[PDB]
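Structure first, commentary second.
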Amino acid sequence: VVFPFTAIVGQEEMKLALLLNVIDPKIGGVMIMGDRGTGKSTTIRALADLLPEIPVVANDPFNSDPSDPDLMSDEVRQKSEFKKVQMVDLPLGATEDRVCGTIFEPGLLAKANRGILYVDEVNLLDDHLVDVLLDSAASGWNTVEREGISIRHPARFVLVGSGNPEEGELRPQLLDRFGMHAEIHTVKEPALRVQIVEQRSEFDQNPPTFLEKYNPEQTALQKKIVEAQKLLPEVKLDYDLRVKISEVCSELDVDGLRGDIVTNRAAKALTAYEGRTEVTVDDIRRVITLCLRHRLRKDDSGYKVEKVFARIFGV
Amino acid sequence: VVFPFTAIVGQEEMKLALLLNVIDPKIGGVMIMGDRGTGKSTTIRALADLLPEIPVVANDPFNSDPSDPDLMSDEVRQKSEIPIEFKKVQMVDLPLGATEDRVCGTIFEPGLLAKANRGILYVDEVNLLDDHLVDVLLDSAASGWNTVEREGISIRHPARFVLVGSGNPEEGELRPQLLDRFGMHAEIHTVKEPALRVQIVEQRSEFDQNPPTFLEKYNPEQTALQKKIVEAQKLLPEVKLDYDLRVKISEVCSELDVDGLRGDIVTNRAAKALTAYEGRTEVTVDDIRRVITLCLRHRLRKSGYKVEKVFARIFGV
Amino acid sequence: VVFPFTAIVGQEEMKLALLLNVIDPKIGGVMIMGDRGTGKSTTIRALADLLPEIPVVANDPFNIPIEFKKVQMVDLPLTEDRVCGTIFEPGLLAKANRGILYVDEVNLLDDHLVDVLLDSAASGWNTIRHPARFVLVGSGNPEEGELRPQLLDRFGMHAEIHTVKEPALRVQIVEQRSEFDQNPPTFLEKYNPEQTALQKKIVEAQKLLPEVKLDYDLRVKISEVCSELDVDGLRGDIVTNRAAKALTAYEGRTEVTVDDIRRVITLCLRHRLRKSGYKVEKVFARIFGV
Amino acid sequence: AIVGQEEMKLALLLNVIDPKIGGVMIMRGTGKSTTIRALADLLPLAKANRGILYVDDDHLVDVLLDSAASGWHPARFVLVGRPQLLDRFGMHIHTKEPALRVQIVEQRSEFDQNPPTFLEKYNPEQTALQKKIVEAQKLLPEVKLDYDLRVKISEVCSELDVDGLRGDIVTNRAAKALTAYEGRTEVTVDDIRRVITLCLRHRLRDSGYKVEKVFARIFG
Amino acid sequence: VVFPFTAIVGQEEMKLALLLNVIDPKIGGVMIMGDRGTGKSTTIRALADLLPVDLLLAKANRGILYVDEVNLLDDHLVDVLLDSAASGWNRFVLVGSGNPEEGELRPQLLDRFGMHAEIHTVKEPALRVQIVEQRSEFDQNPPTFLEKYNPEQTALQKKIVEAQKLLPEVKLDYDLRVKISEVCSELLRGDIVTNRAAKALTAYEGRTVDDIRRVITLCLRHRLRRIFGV
C-alpha cells in the first residue's frame, strides 16, 4: 500500500545515504536539506517494507525482540512474533511531556524503540529535543527523572531528520555531533520528470498491478542487505591507509576529533555493497564529501576537498 | 429549499473551477480568496445543491457506502442487509476555534472528522484558523483513513473528502510550508454596476418572494447541468493525452521556478476535466496549457500576465 | 405595567428606527450603543405593549384551542448548552420564538459563543429542529471596545443616543418620570388615548404592507450612490430596498418617491460605513444632485 | 449604642425612611456586624417579603441588585452594604484624638462590663426617636420641591460630567425625602449642601471640594 | 557502565588538575576551557575516572558539577550560584567548564575562576587514531574491553585514597609565602589557595618546591585577567 522500491528515481545518492544509515547503526544519522517537501515523505517512507519483520516479544509499547537480556528493560529481564517496522514521524507542535510519559505512562520515543523516527523542518524546534534527543541515541536508553522513579528503559532508533534552507539549518552545537550531512539538487530534465508523472500515473493506474510489475526487482535489492549482515565481521583494514585518513583532514581537521573517528567506519560499509572483503581504495574519496562537509567550518567546498584530496592520497 | 443553483449570475470562472473539482475526486485543493466571506458561503450552498444523490446502506455514522469499494473493513466487513438506501449531498463547515478533541474524537466516540464520505468539508476565514490540526487536515486530503491511537487505540475511519478554502486577505497568507497542497486558489472581484447587481438583488427579492415557482423558474435549465455532468462521469476514463504535447507542459514550466514539480504534476491532470466538459477525447494543447497556467498561479511563489507572457512562445506563440 | 411608549421623551431617531424593525421582519436589525443607559430596559419595553394579540404558544412548549397571546419578549442573559438546548431539553434559545431579544452587554459578550445569533436569521428550524424567527436589537457600550471588523457588520440600523445638555428638557423628563412612578393609576389614562391610535396605525400599515410599490429603474440612482461608496459584502442594496419599503408603508403613500434616502441614509450606511455622517450626506446629495 | 457619630449615621437615617432610595456601597468598620447590629437596634429571603438585608455582580448578586426595582414573588427589601456595578448604589467611617478614644474606651467599659442596666443611658433618646421617625413618616408624602429651585438643581448637572443622571433624579427626590424629621415646610441649603456630595461621592466620574465649589457657584 | 579514565591521553596535566581537586573539599569550581566532541567525552570519562552532577538540592550535598559554558545558560542561577560559590552551606564541588567561543561567564566570575584549565588541539593523531581504535576496541565488548585494562584500573583506588586522611602533615613555608609577594601579591584571594596548593599537590603520591613552581602558572591566568627563585 505504498510506492515501489525504486520509486521517485533520482535520489540515487540519497538512496545510498539511506542505505549507509542502514545495517550499521553507529553512523549517527542524516539531515535532509532540500528546496521543498516535494513529497519527500514517500522517500522517507521508502524504507517501509525494506525493514524485515524483526522478531517481536509480547505486545509492549516499546518494539522489543524476545530474549536479549541486554534489550529486556524492566519485565522481560525478570519475567523468566516477527512484527513489521513501525517508523513514524514527529509532529511539529509538540512538547517534552508528549515525547515522554508521566509514570507506568510510556512515551512516543519509548514506544518506537529500534525504528526510523522521521522528522522534517527541524529548524522549527528550538531547544526541547535539540540536545536531549541527540544525546539519547548515544545513551541507548530512556532515563526518567520522575523523583524516585528513574526508569531508563532502552531506547533505539535511527534519528534522521529533515529541514528547509529557508528557515535556516542550525546554530552549530550538535551538527558535528549529528550524523552525515547531505542535500538535494534541482531537477532540470523535463523528460526524466515526465516519466515520474508517468510513474505517478503508473502508481495511480493500479497500486497492486504496478507492484506486480516490479515485485521481483524488489526482492533483489533486499537480498544484498540481508547478506551484508555477515559482512560486518572481519573486513579488517591494515589502518595504514587509515593512518593518512587523519592526515588527509589536517587543515580540515581544525576541530571535531569525534568526526574523524566516525568516518573511518564508513569505509567498511562503503566496501560492503561492492562486496570487497578487503579495504577498497578511493572509497574514502567517494565518501569524503559525505563525511564532514557541513561540519567543515568556513567563512570550493567539495571542489576544495577534491583539490585537497589530491595531496591526501595522490592522483 | 435553498437559493437556485443557477443564482450565481457571475464568478463564472470560480463556478467553472468548483465544478471541475466536483468531477474528479482526486483533483486536489480548492480555495477562494477575497473580502466577501458571505459570497463563499453563497457558493458553498450552491456547491452543496450541485450534485446527484449518493447511496448509504443503513446507519453508519462516518459513511455507509453500500458495498461499493472494499473499504468497509470496519464492522461492515464483519457483516459482509438493510442496504436499500440512497441519501443526498450534505455540506460541512467546522466552527471557528473548534476543539481538537472534538475534531479528533476518542475511544469509540466519533470526532468532527466524520462528515460526508467525500467533499462537504469547507472552511471560511481559514486565513486565521489555527496552526495545529491544519497540516493534519492538509495531509488528511491524501489520508484515505483516520488515525486513532489514543491510549493504545487502533482505528482507521476510511474517509476521503475534498476541502474548500476561504479567508479574508486582511488576515494574511498562511505559512509557506502549510501554503502547499493548493490545487486551486483564486479570488472573486466585484463590479462597479450596482444597477446590474440590482437585478440579482431583485432576483434575491424574487428568491425571498416565495418558494412557489422558484424551482419551476429554471428547472429545465437546471436539469441540463445534471445531465451534462453525469454524462462526463461515465466517459471520464476515456481520457486521451498527447505525450509530445505533455512534453511541452514541463517545457512550458521550464522558466517557472516551481521549487518542486509537485504542482506541475497534477497540473497535467487539470486539462482532463476541461476535455471531459468539452466532450472531446483527444487533448487540445491550447486548452491544456491555459488550464495548467490558471491553476498554477497560486503556487507561483515570488502577475498572471507575466505567466501568460511566459506561456507565450512556450506552448507556441 | 411600565412607562408608556409615548411617555418616553427624546431619542426620536432611535424611536423611528426601532419601530421599523417590528414593522417588517425583513428589517436587517438595529444596533445601539451609549454607556449609562439609565433605563435602557424601559427604552425597549415600549415595543412590548405595542403589539396586537395573536394566537401563539398553543399547547406547544416552544412559543386544540389557540390562545390569542398578547405579547412576549425577553432581553438577554447574564451555558452554551443552556443557551441552545440539551439532548430533548430546550435551552434559552427556545422562547425567543416569534419574539425578540436585546443584545445587552454585547461589548464584552463571548466570541465563538455569541455567533448563533448571527447564524439565526431565516433558520426555520434547529439542529432536533426547533423553528426560530426571533428579532434582535443590538445593545453595545461606548468606550467598551468594538472588535467587529465585519463580525458586527451584520448590524443594519446602527445608531446611538447623543443627548448633551437638555437642561429644561431633562428637568421636565425627571418630573414626568417621578409623577409616573408615584402612581401608575390614572397615569395610564394620562396618555391612554394616544397608544390606541398608534396601535391601529401600525396594524393598518402592516396589513397594507404587501401592496407596497417601488421602482428599481428609479432605484438605479441609489445603486449608483452605493457604487460611489466602498463595500465588501454587499447587502447595502437589500438594506436600502427594505428601508424604502418601510418608508412607503410608513406614511401610507402607495408609491415611490425620493425621501426614503434622506430618511434612512444614516440608519443604513453607518452600520457598514468605512472606518462620517456629514460626508455620507454630502455624497448622497451630490449623487442625487440635491 | 454609640452617642453622636452622625457623620455616617445620618445617611443611614435618611435612607431608613427612603424605600425608593437604595444602594449602600461602603469601602473604622471595626464594629462591622456590630455596626449592623447597631443598625438593627434602631429597628422593630422568603420571610423578607417586608424587611431589610445586609451585604457581607457575578450571577446571584447581579440578579439580587436588579431585584430591588423588580421587587415582585414580592420582595420589597432594603439593601444594606466596574462602573456597571456602581450604578446599583445611591449612598457610599473613620477609626485620631485620644479624647475620642478615651470616651470610646469608657463606653467600651460601659458596654462590655455593664451590658445590663445600661439601656437607660440611651433609652430616652432612642425611645423618643421612634416618635420622630413616626412624625416624619406621616408628613412624608406631603412636601414638594420648587421647580425654580430645581433649575438651580438641574444646573448642577451642567458642570457635572457623570453620565446616566439617574442618581441626579434620585438626588432631586433625595432632598424632598430629607428634612422630614426636621419638619420644615420647605428645604434650604440645609438639605441642598449637605445632601449634594452625600450621593455624589459614589457615582462621581478635590473630590467634594470642587463639587462644593461648583455647588457654591450653583447655589445662592 | 564505566570507562577507563587512564585510557584517554593528551593534556594529561588537566587530569592531574582534575586529580588535584578530586579529593579537595576546600577548592570549589575550577575553570576548564576546551569545548568540543572531546570535552563531552572527557567529562563522561571524568564521571567514570575513579570509584570510591552536571549542567534536586537534597540529593546534591558534596557533589561535583560539570558546567556547560554557563555564560549561555540561565541567568537565574548565574545571578545566584556566583555568590553561592563558596557560600559555606545549603554543599557541592562544581567544576567550571566552557570555551571562549562558548562564552566568558561574568566579570565577577571571571575575577574568581579558581584553577584554570584548557584543552588544545594536536595533529599527527598517532596515539589518537590508536585511541580511536581503542575506542573501537572499547566498542567491541565494552564489558570485556574494560576488563583488559581493569587490572591497571583496579590498581588505582588506593593510589591517593589513604593519602588524604593524614595529608596535612606539614604547612607551607613562611619564607616561601613571603617570596610569593614578589609576583603573586605584586600581581590575592586566589593566591591563598595556591599557597596551600603545594601541600595538596604533593600529598597523593607519598606525602619539594618544583611542583609549586609548576603550579605557579597553573592558575595564574584565572587571577591575572620567578617568585620561588625560578
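Each chain of the C-alpha cells is named A, B, ... in the order shown, its residues numbered from 1; ligands are numbered from 1 in display order.
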Report as JSON lines: every residue of chain A with an atom at most 7 Å from chain B, its closest pair of atoms, and their distance in Å to one decimal, counting only C-alpha atoms, with rows sorted by chain and ascending residue number.
{"residue": "A:35", "atom": "CA", "partner": "B:259", "partner_atom": "CA", "distance": 6.0}
{"residue": "A:36", "atom": "CA", "partner": "B:260", "partner_atom": "CA", "distance": 6.3}
{"residue": "A:38", "atom": "CA", "partner": "B:260", "partner_atom": "CA", "distance": 5.3}
{"residue": "A:93", "atom": "CA", "partner": "B:132", "partner_atom": "CA", "distance": 6.7}
{"residue": "A:190", "atom": "CA", "partner": "B:250", "partner_atom": "CA", "distance": 5.7}
{"residue": "A:197", "atom": "CA", "partner": "B:265", "partner_atom": "CA", "distance": 6.0}
Among stretch 58-250 of chain C, which ones does DSSP assign to helix (DSSP H, G or I) (computed from the backbone)? Answer as a count of residues only. 73
If we count only C-alpha atoms, what is near residue B:6 at a cut-off of 10 Å, once residues fewer than 6 positions away on the same chain are taken out, given as a PyMOL selection string? chain B and resi 46+50+218-219+221-222+225
Counting only C-alpha atoms, what is within 12 Å of residue B:173, bar same-chain residues fewer than 3 positions away, as a list in words? residues 33, 34, 125, 126, 127, 128, 129, 166, 167, 168, 169, 170, 176, 177, 178, 179, 180, 185, 298 and 301 of chain B
Keeping N, CA and C atoms for every residue in the selection just given, could you write it to a file as a CSV table (one decimal), in the first residue's frame?
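Written output follows (out.csv):
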chain,number,residue,atom,x,y,z
B,33,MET,N,-10.2,33.3,-2.4
B,33,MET,CA,-9.7,34.5,-1.6
B,33,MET,C,-10.6,35.7,-2.0
B,34,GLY,N,-10.6,36.7,-1.2
B,34,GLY,CA,-11.4,37.9,-1.4
B,34,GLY,C,-11.7,38.7,-0.1
B,125,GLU,N,-12.9,31.9,6.4
B,125,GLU,CA,-12.0,32.7,7.2
B,125,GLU,C,-10.8,31.8,7.6
B,126,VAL,N,-10.4,30.8,6.8
B,126,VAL,CA,-9.4,29.9,7.1
B,126,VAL,C,-8.0,30.6,7.1
B,127,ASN,N,-7.9,31.9,6.7
B,127,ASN,CA,-6.7,32.6,6.7
B,127,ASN,C,-6.1,32.6,8.1
B,128,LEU,N,-7.0,32.9,9.1
B,128,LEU,CA,-6.5,32.8,10.5
B,128,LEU,C,-6.6,31.4,11.0
B,129,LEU,N,-7.7,30.8,11.2
B,129,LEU,CA,-7.9,29.4,11.6
B,129,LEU,C,-6.9,29.0,12.7
B,166,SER,N,-11.4,29.4,2.3
B,166,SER,CA,-11.9,30.7,2.2
B,166,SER,C,-11.3,31.5,3.4
B,167,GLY,N,-10.9,32.7,3.1
B,167,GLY,CA,-10.3,33.6,4.1
B,167,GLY,C,-10.0,35.0,3.6
B,168,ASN,N,-10.3,36.0,4.4
B,168,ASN,CA,-10.1,37.4,4.0
B,168,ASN,C,-8.6,37.7,3.8
B,169,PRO,N,-8.2,38.5,2.8
B,169,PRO,CA,-6.8,38.8,2.7
B,169,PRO,C,-6.3,39.6,3.8
B,170,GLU,N,-7.1,40.3,4.6
B,170,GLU,CA,-6.6,41.1,5.7
B,170,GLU,C,-5.9,40.3,6.7
B,176,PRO,N,4.3,29.4,4.5
B,176,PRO,CA,4.7,28.8,3.2
B,176,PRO,C,4.8,27.3,3.2
B,177,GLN,N,5.2,26.7,4.3
B,177,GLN,CA,5.3,25.3,4.4
B,177,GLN,C,3.8,24.7,4.4
B,178,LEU,N,2.9,25.3,5.1
B,178,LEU,CA,1.5,24.9,5.0
B,178,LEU,C,0.8,25.5,3.8
B,179,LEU,N,1.4,26.4,3.1
B,179,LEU,CA,0.8,27.0,1.9
B,179,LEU,C,0.7,26.0,0.7
B,180,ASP,N,1.4,24.9,0.9
B,180,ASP,CA,1.5,23.9,-0.2
B,180,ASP,C,0.2,23.1,-0.3
B,185,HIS,N,-6.6,27.9,-6.2
B,185,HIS,CA,-6.9,29.1,-5.3
B,185,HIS,C,-6.9,30.3,-6.1
B,298,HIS,N,-1.6,30.3,-8.0
B,298,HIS,CA,-1.5,30.3,-6.5
B,298,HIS,C,-0.1,29.8,-6.0
B,301,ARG,N,5.2,31.1,-6.3
B,301,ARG,CA,5.8,31.9,-5.2
B,301,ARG,C,6.7,32.9,-5.9
Neighbour list for residue C:263 as a ChimeraX atom specification, cut-off 12 Å, only C-alpha atoms, skip fewer than 5 positions in-chain: /C:13,16-17,20,157,240,243-248,250,257-258,268-269,281,284
Check stretch 2-249 of chain C with DSSP on the backbone and list each residue it calls strand (DSSP E), as a PyMOL selection string. chain C and resi 30-33+54-55+68-69+85-86+89-90+100-102+135-139+157-160
File dump, residues just selected, N, CA and C atoms, as a JSON list (two decimals), in the first residue's frame:
[["chain", "number", "residue", "atom", "x", "y", "z"],
["C", 30, "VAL", "N", -31.51, 46.51, 14.32],
["C", 30, "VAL", "CA", -30.84, 47.72, 14.79],
["C", 30, "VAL", "C", -29.77, 47.36, 15.81],
["C", 31, "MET", "N", -28.79, 48.25, 15.94],
["C", 31, "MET", "CA", -27.76, 48.15, 16.95],
["C", 31, "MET", "C", -27.62, 49.50, 17.64],
["C", 32, "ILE", "N", -27.48, 49.48, 18.96],
["C", 32, "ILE", "CA", -27.45, 50.69, 19.76],
["C", 32, "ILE", "C", -26.26, 50.65, 20.70],
["C", 33, "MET", "N", -25.59, 51.79, 20.85],
["C", 33, "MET", "CA", -24.52, 51.97, 21.82],
["C", 33, "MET", "C", -24.87, 53.16, 22.71],
["C", 54, "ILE", "N", -52.03, 37.74, 19.24],
["C", 54, "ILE", "CA", -52.01, 36.73, 18.17],
["C", 54, "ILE", "C", -52.04, 35.35, 18.79],
["C", 55, "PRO", "N", -52.72, 34.37, 18.14],
["C", 55, "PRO", "CA", -52.69, 33.00, 18.66],
["C", 55, "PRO", "C", -51.25, 32.46, 18.62],
["C", 68, "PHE", "N", -55.02, 33.67, 21.93],
["C", 68, "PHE", "CA", -54.52, 34.87, 21.26],
["C", 68, "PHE", "C", -53.57, 35.57, 22.23],
["C", 69, "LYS", "N", -52.33, 35.08, 22.29],
["C", 69, "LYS", "CA", -51.33, 35.66, 23.18],
["C", 69, "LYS", "C", -51.07, 37.11, 22.78],
["C", 85, "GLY", "N", -29.73, 24.26, 24.07],
["C", 85, "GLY", "CA", -30.55, 23.15, 24.49],
["C", 85, "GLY", "C", -29.72, 21.95, 24.88],
["C", 86, "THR", "N", -30.42, 20.84, 25.10],
["C", 86, "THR", "CA", -29.77, 19.60, 25.52],
["C", 86, "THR", "C", -30.51, 18.42, 24.91],
["C", 89, "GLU", "N", -34.07, 18.56, 25.63],
["C", 89, "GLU", "CA", -34.30, 19.66, 26.55],
["C", 89, "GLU", "C", -34.04, 20.99, 25.85],
["C", 90, "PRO", "N", -35.05, 21.84, 25.70],
["C", 90, "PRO", "CA", -34.80, 23.15, 25.09],
["C", 90, "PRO", "C", -33.99, 24.04, 26.01],
["C", 100, "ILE", "N", -38.44, 38.68, 20.19],
["C", 100, "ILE", "CA", -37.23, 39.47, 20.02],
["C", 100, "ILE", "C", -36.50, 39.56, 21.35],
["C", 101, "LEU", "N", -35.18, 39.71, 21.30],
["C", 101, "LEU", "CA", -34.37, 39.83, 22.50],
["C", 101, "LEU", "C", -33.28, 40.87, 22.26],
["C", 102, "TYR", "N", -32.87, 41.54, 23.34],
["C", 102, "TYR", "CA", -31.87, 42.59, 23.28],
["C", 102, "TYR", "C", -30.48, 41.98, 23.23],
["C", 135, "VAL", "N", -36.23, 38.26, 16.48],
["C", 135, "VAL", "CA", -35.58, 39.51, 16.12],
["C", 135, "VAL", "C", -34.53, 39.83, 17.17],
["C", 136, "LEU", "N", -33.62, 40.73, 16.84],
["C", 136, "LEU", "CA", -32.53, 41.10, 17.74],
["C", 136, "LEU", "C", -32.28, 42.60, 17.66],
["C", 137, "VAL", "N", -32.05, 43.21, 18.82],
["C", 137, "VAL", "CA", -31.76, 44.63, 18.92],
["C", 137, "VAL", "C", -30.37, 44.75, 19.53],
["C", 138, "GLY", "N", -29.43, 45.33, 18.79],
["C", 138, "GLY", "CA", -28.08, 45.47, 19.28],
["C", 138, "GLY", "C", -27.97, 46.48, 20.41],
["C", 139, "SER", "N", -27.29, 46.06, 21.47],
["C", 139, "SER", "CA", -27.08, 46.92, 22.63],
["C", 139, "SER", "C", -25.60, 46.92, 22.99],
["C", 157, "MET", "N", -29.54, 49.04, 11.30],
["C", 157, "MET", "CA", -29.90, 50.41, 11.76],
["C", 157, "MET", "C", -28.95, 50.81, 12.89],
["C", 158, "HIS", "N", -27.68, 51.09, 12.56],
["C", 158, "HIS", "CA", -26.68, 51.45, 13.59],
["C", 158, "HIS", "C", -26.92, 52.89, 14.07],
["C", 159, "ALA", "N", -27.23, 53.07, 15.36],
["C", 159, "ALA", "CA", -27.45, 54.42, 15.92],
["C", 159, "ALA", "C", -27.16, 54.40, 17.43],
["C", 160, "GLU", "N", -27.16, 55.57, 18.07],
["C", 160, "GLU", "CA", -26.89, 55.64, 19.50],
["C", 160, "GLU", "C", -27.38, 57.00, 20.01]]
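A straight line drawn from atom CA of residue A:219 to atom CA of residue A:268 is 24.1 Å long.
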Would you pick out the contacts of stretch 281-287 of chain B at 9 Å or less, using only C-alpha atoms, so that residues sharing its chain but fewer than 6 positions from it are not included, and give the list as a PyMOL selection string? chain B and resi 238-242+245-246+248+271-272+274-275+315-316
Between atom CA of residue E:186 and atom CA of residue E:198, measure the distance and give it in Å to one decimal.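 Atom CA of residue E:198 lies 20.0 Å from atom CA of residue E:186.
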Nearby residues (only C-alpha atoms) at most 12 Å from residue D:57, same-chain spacing under 6 positions excluded, as a ChimeraX atom specification: /C:78 /D:63-66,82-88
Sorted per-residue table, chain D near chain C, closest atoms and distance, 7 Å, only C-alpha atoms, as JSON lines:
{"residue": "D:59", "atom": "CA", "partner": "C:78", "partner_atom": "CA", "distance": 6.9}
{"residue": "D:154", "atom": "CA", "partner": "C:167", "partner_atom": "CA", "distance": 6.3}
{"residue": "D:158", "atom": "CA", "partner": "C:165", "partner_atom": "CA", "distance": 6.8}
{"residue": "D:163", "atom": "CA", "partner": "C:36", "partner_atom": "CA", "distance": 5.9}
{"residue": "D:164", "atom": "CA", "partner": "C:36", "partner_atom": "CA", "distance": 4.6}
{"residue": "D:166", "atom": "CA", "partner": "C:38", "partner_atom": "CA", "distance": 6.0}
{"residue": "D:169", "atom": "CA", "partner": "C:174", "partner_atom": "CA", "distance": 6.0}
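Taking only C-alpha atoms into account, chain A lies nearest to E:40 out of the set E:40, E:62, E:221, E:159.
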Taking only C-alpha atoms into account, what are the residues of chain A at most 10 Å from chain E, put as a PyMOL selection string? chain A and resi 147+173-174+176-177+239+242-247+249-251+253-262+264-265
With C-alpha atoms kept, could you save the residues just selected as a PDB file, in the first residue's frame?
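Result file out-v1.pdb:
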ATOM      1  CA  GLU A 147      11.561  11.961  41.544  1.00  0.00           C
ATOM      2  CA  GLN A 173      26.023  22.987  18.576  1.00  0.00           C
ATOM      3  CA  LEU A 174      25.418  19.328  17.709  1.00  0.00           C
ATOM      4  CA  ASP A 176      29.064  17.855  14.153  1.00  0.00           C
ATOM      5  CA  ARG A 177      27.619  15.584  16.862  1.00  0.00           C
ATOM      6  CA  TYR A 239      44.868   1.029   9.023  1.00  0.00           C
ATOM      7  CA  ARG A 242      43.593   4.945   7.689  1.00  0.00           C
ATOM      8  CA  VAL A 243      46.797   6.454   9.093  1.00  0.00           C
ATOM      9  CA  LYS A 244      46.730   9.080   6.342  1.00  0.00           C
ATOM     10  CA  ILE A 245      42.949   9.463   6.724  1.00  0.00           C
ATOM     11  CA  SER A 246      43.556  11.684   9.736  1.00  0.00           C
ATOM     12  CA  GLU A 247      46.459  13.312   7.880  1.00  0.00           C
ATOM     13  CA  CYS A 249      41.952  16.250   7.128  1.00  0.00           C
ATOM     14  CA  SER A 250      44.898  18.230   8.613  1.00  0.00           C
ATOM     15  CA  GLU A 251      43.956  21.860   7.744  1.00  0.00           C
ATOM     16  CA  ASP A 253      40.694  18.666  10.944  1.00  0.00           C
ATOM     17  CA  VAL A 254      40.880  22.008  12.858  1.00  0.00           C
ATOM     18  CA  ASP A 255      38.131  20.762  15.252  1.00  0.00           C
ATOM     19  CA  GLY A 256      35.761  17.768  15.654  1.00  0.00           C
ATOM     20  CA  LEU A 257      38.089  14.860  16.584  1.00  0.00           C
ATOM     21  CA  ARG A 258      34.958  12.736  17.109  1.00  0.00           C
ATOM     22  CA  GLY A 259      34.061  13.254  13.444  1.00  0.00           C
ATOM     23  CA  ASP A 260      37.315  11.855  12.066  1.00  0.00           C
ATOM     24  CA  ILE A 261      36.954   8.597  14.008  1.00  0.00           C
ATOM     25  CA  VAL A 262      33.402   8.039  12.749  1.00  0.00           C
ATOM     26  CA  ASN A 264      36.686   5.566   9.331  1.00  0.00           C
ATOM     27  CA  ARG A 265      33.933   3.017   9.998  1.00  0.00           C
TER      28      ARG A 265
END
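If we count only C-alpha atoms, these residues of chain B sit within 6 Å of chain C: residues 35, 36, 192, 194 and 195 of chain B.
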